[PDB]
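So the structure is just underneath, and the comments pick up after that.
Reconstructed Cβ throughout: ideal geometry from the backbone, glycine too, with neighbour counts over all protein chains shown. Only the coordinates and a few stated rules stand behind these numbers; no lab work does.
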Amino acid sequence: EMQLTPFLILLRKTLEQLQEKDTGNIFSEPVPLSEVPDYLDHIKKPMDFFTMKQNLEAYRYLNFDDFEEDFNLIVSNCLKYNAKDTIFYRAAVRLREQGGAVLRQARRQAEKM
Ligand SMILES: O=c1oc2cc(O)cc(O)c2c2ccccc12
């Protein structure tokens, strides 16, 4: 297996690169529940990049799949909650596309560790 600290260095850089694709900063912080009062009704597990950074430092991500699972939640939650003809829905589609390539490259670096 691998050493913890270089893996976490790689996840930190990967998280920064995914945030870079969210040019609108739509997903930087939790969805404001005080402004979306019905959000938790059908979104079981909210996720966002700030929570992911906290989970990263809290060792919730010890393999690439758990990291990618929470990124996929950011995307899938947004596709689920929002109608297809919204800015939010299209932002999540774009993040899924642009983020997918970021993750493939980062995983190949992890797979060399
Ligand atoms: O998925 C979202 O849906 C929203 C719906 C709204 O009506 C209002 C919102 O501020 C959001 C929102 C804000 C930040 C990140 C994601 C979302």
Exposed-loop-free span, longest in the chain, where GluC sites (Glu not before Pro) count as exposed if DSSP calls them loop and at most 10 other C-beta atoms lie within 10 Å
36-110
Give me a comma-separated list of calculated 3J(HN,Hα) values for segment 58-70, in order, Karplus coefficients 6.51, -1.76, 1.60 applied at θ = phi - 60°, integers in Hz, x for any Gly or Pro.
8, 6, 5, 10, 9, 8, 5, 5, 5, 4, 5, 4, 6
Mind checking which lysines have their Cα closer than 26 Å to the Cα of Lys112? Skip sequence neighbours fewer than 8 apart in that chain.
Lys13, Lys21, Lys53
In segment 42-113, the trypsin sites (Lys or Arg not before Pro) that fall in loop regions by DSSP, at most 11 other Cβ within 10 Å:
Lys44, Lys84, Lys112
